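Here the structure is laid out as structure tokens; the discussion comes afterwards.
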Protein chains: 2
Amino acid sequence: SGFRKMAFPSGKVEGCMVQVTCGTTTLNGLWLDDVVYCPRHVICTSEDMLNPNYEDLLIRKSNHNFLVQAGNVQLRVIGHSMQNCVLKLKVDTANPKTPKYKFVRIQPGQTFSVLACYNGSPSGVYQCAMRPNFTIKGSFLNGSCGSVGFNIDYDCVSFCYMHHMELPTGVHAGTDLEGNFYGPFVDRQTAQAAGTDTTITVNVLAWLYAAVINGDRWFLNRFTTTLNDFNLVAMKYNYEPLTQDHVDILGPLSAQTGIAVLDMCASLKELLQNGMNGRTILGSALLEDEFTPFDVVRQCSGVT
Amino acid sequence: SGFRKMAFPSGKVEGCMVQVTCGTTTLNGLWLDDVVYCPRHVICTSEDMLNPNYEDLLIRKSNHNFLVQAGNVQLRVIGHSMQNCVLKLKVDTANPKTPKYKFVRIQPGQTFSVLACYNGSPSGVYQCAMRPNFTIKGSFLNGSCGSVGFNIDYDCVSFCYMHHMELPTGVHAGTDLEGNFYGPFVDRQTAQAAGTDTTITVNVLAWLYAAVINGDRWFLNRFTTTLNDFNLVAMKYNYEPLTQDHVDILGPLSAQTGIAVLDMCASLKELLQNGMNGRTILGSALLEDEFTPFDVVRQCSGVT
Ligand SMILES: Cc1ccncc1NC(=O)Cc1cccc(F)c1
Ligand SMILES: Cc1ccncc1NC(=O)Cc1cccc(F)c1
């Protein structure tokens, strides 16, 4: 009973957080095995951020310039390399708390947990969706760079995000763990356009199924629609077009509740055209798109 | 930039979760030092839950009947005692992962993180407010009993909640770590009334300050009010009456933003009387009351 914006337990990730300092800039690093991963802008001063030549900036740095502290113990840096927008600092000690892990590049619309950190210390954890425009609407302040996003499948942590930058609009941009930015962003102090964003249709449908499972059913109606008809409504309301791939992943929720996907689409169509009329769904007065069909199944079945 | 429903990092609590089985009932326990705490209803069968005599039920149990498993290792139970609605199983081994901790009884309106668990394994973490009526609107299924609520101040975990029961309305009831229920609830399979709930006024005001800090300011107006006038509006809209104690704890947010508490009360009054007019505040289309003034200061300053 109940449905919450649940994050993964952050324990396995907390054991990997370190503080990385280079010159006068300090941020977070991720220590996995004998490598520490962090945003490459740790090598920059504020003046460098205007138009940085990272290759030239990194050349002025040696292993001893990167100070890596795991809690209260100092790591010895024996190598450094830049891969895309991340630095990889080889250390002489493998992290004893390294969980089983993978580096994954998630798709837009997928969700993950963020462990916000400052000075290598965890401050909090929250669940995010990677927006269709490849930004995240996180909660990050100066010093949070290097904080990571992740998912967990039983004992394996799949790291998918490393925080790098705050856009002038207050939304967030970052990379996968190979240092490739999600979206068009560059790690430079320049105003950068995020694409037009859209609402993640398949996620709103999954959340409507979660609402029905938990008893919030007032929005169910006597109607049905087609993918074509629904997509005309999705276009008008800036929702992602629904595809058969999306219908396919909603199958488990359709089977559990007995509500055909296109019937739920008709409820969503009516909610888009008429609003909530002052009512709520799962404690929300808007259509929530930060739960994937997998998240709904996982939470509604109590997967650990 | 940004403001999220952030939970504490759950790592220190994950290290304390164990599975407790007695007869054919399995639930979660909390292993701190050499004691395992769990809901006393682990000793009941479904038939016992109708009208249980816990004292008589516990008398039929011996130390060897309580099976406590921490991950994959078995704990040896050398004592058992019932304290209010919790069982305390003395074990022969102190939990090596015991963090610095305290047991606290929180007040209604205060917030905390829940680490939802099943079979002793963590499934997810979310931030909750203890409702003014002493229920929590959690996300819990069968097997989640024994999952705990907590806050963290630097290195100290203050445990404040242990999950026990789901009311017929789908809201949740539990105890402090001494086994005293929050609210009027009893651990019995009987329909039980939760009091009339109210919105946590001081928290909505704190969240309005968080919105102003992050740039959502459309709701600020040219008006002011008094505690008496605001409280007439709070009464009409089922909000908690605001006191000078509440105004006092909003002081840091009033000082940071330069918006006097009674001026923010006038914005809240107008929002109550006119609604959001289809607009949002911090990604919400309703007035959020699950962030305390302390949570707002902590998140807006990045406290670890
Ligand atoms: C101040 C802040 C707040 C939240 N998240 C991140 C930040 N910090 C930055 O964006 C620094 C920065 C500037 C320009 C490029 C870059 F890659 C990184
Ligand atoms: C089924 C479920 C779902 C979520 N949270 C909890 C539960 N389980 C219960 O309430 C069991 C129960 C019954 C009667 C009394 C009691 F103290 C405990």
Side-chain angles (χ1 to χ4, degrees), chain A residues 1-4 214-215 302, chain B residues 17-30 35-63 65-68 77 80-89 103-108 112 114-120 128-149 159-197:
Chain A
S1 46
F3 199 76
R4 281 279 181 176
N214 290 280
Chain B
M17 307 306 306
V18 296
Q19 173 193 84
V20 176
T21 299
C22 192
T24 84
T25 306
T26 290
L27 45 59
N28 306 282
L30 182 74
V35 177
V36 172
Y37 300 85
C38 75
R40 67 179 180 169
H41 75 255
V42 66
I43 72 181
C44 301
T45 65
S46 271
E47 194 176 9
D48 293 325
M49 296 310 301
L50 303 183
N51 188 19
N53 186 315
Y54 287 99
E55 289 185 339
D56 291 354
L57 290 172
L58 186 55
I59 285 168
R60 298 288 163 250
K61 304 294 177 178
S62 299
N63 293 328
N65 291 137
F66 298 98
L67 305 172
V68 184
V77 179
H80 66 271
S81 60
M82 180 166 63
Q83 175 176 21
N84 301 311
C85 302
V86 294
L87 292 192
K88 295 194 293 193
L89 305 177
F103 288 174
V104 312
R105 184 165 175 92
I106 56 160
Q107 289 291 289
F112 57 95
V114 169
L115 176 62
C117 293
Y118 294 90
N119 297 116
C128 271
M130 167 69 63
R131 299 312 311 167
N133 70 356
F134 291 114
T135 62
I136 73 167
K137 294 174 174 173
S139 173
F140 290 115
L141 302 161
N142 184 51
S144 63
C145 310
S147 295
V148 302
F159 290 101
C160 58
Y161 182 78
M162 177 168 281
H163 185 53
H164 288 237
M165 188 172 74
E166 150 198 81
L167 299 179
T169 59
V171 307
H172 306 112
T175 70
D176 59 23
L177 270 295
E178 298 195 355
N180 299 110
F181 263 91
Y182 284 99
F185 312 110
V186 290
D187 49 354
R188 183 189 161 180
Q189 184 59 47
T190 200
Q192 294 171 48
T196 293
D197 201 30

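Chain naming here is simple, since letters A, B, ... match the order of the sequence lines and numbering starts at 1 in each. Scope of the values below: all heavy atoms of this structure, side chains included, with no hydrogens, waters or symmetry mates.
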Are any non-hydrogen side-chain atoms of [X] and [Y] less than 4.5 angstrom apart?
X: B:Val148; Y: B:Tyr37; result: no
X: B:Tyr182; Y: B:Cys160; result: yes
X: B:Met165; Y: B:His41; result: no
X: B:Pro52; Y: B:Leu57; result: yes

Between atom [atom1] of [X] and atom [atom2] of [Y], what is the distance when rounded to the nearest 0.5 Å?
X: B:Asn53; Y: B:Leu58; atom1: CG; atom2: CG; value: 10.5 Å
X: B:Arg40; Y: B:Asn84; atom1: CZ; atom2: CG; value: 8.0 Å
X: B:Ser147; Y: B:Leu30; atom1: OG; atom2: CG; value: 10.5 Å
X: B:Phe66; Y: B:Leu87; atom1: CZ; atom2: CG; value: 5.5 Å
X: B:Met82; Y: B:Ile43; atom1: CE; atom2: CD1; value: 6.5 Å
X: B:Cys44; Y: B:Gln189; atom1: SG; atom2: CD; value: 11.5 Å

Review point. Taking atom NZ of B:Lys137 as the centre, does the number of heavy atoms from other residues, nucleotides or ligands within less than 6.0 Å exceed 12?
Key: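 No, the 6.0 Å shell around NZ holds no more than 12 heavy atoms from other groups.
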Taking every non-hydrogen atom, the tightest pair across [X] and [Y]:
X: B:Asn133; Y: B:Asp197; value: N-OD1, 3.1 Å
X: A:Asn214; Y: A:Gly2; value: OD1-N, 3.0 Å
X: B:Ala129; Y: B:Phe112; value: C-CE2, 4.5 Å
X: B:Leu27; Y: B:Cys38; value: CD1-CB, 4.0 Å
X: B:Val36; Y: B:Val18; value: CG1-CG2, 3.6 Å
X: B:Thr135; Y: B:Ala194; value: CG2-CB, 3.7 Å

Review point. Among all residues two or more places apart in sequence or in another chain, which pass the ring pair (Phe, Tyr, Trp, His ring centres under 6.0 Å) test with B:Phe181?
Key: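 Here the qualifying residues are B:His164.
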Check your understanding: Do B:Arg131 side-chain atoms and B:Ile136 backbone N/O form a donor-acceptor pair below 3.5 Å?
Key ->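 Side chain of B:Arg131 to backbone of B:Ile136, a donor-acceptor pair under 3.5 Å: no, none is there.
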Exercise for review: Could you tell me whether a side-chain N or O of B:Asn28 sits under 3.5 Å from a main-chain N or O of B:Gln19, the two making a donor and an acceptor?
Suggested key: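 Not at all, since once roles are kept as given, no pair shorter than 3.5 Å links the two residues.
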Practice item. Check side-chain hydrogen bond (donor to acceptor under 3.5 Å, both in side chains) between B:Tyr161 and all other residues, then give those that pass, not counting sequence neighbours. Key: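 B:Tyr161 satisfies side-chain hydrogen bond (donor to acceptor under 3.5 Å, both in side chains) with B:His163 only.
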Review point. Sequence neighbours excluded, which residues qualify as side-chain hydrogen bond (donor to acceptor under 3.5 Å, both in side chains) partners of B:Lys88?
Key: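 Once residues adjacent in sequence are excluded, the partners of B:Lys88 under the side-chain hydrogen bond (donor to acceptor under 3.5 Å, both in side chains) criterion are B:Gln83.
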Practice item. Show the numbers, then the answer: is there a side chain to side chain contact (heavy atoms under 4.5 Å, CB included) between B:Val86 and B:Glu178? Key: CA-CA 7 Å; B:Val86 294; B:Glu178 298 195 355; 5.9 Å; no
Practice item. Under the salt bridge (charged side-chain N to carboxylate O under 4.0 Å, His left out) rule, collect the residues that match up with B:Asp176, sequence neighbours excluded. Key: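 In terms of salt bridge (charged side-chain N to carboxylate O under 4.0 Å, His left out), with neighbours along the sequence ignored, B:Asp176 is linked to B:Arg105.
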Point to revise | Qualifying residues under salt bridge (charged side-chain N to carboxylate O under 4.0 Å, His left out), relative to A:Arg4, sequence neighbours excluded | key: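 B:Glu290.
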Review point. Relative to the ring of B:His172, is the ring of B:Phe140 parallel (under 30°), tilted (30 to 60°) or perpendicular (over 60°)?
Key: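 Perpendicular: the ring planes of B:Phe140 and B:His172 meet at over 60°.
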Practice item. With sequence neighbours left out, write down each residue that passes side-chain contact (heavy atoms from CB on, under 4.5 Å) with B:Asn142, or none if nothing qualifies. Key: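 Counting only residues at least two positions away or on another chain, B:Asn142 forms no side-chain contact (heavy atoms from CB on, under 4.5 Å).
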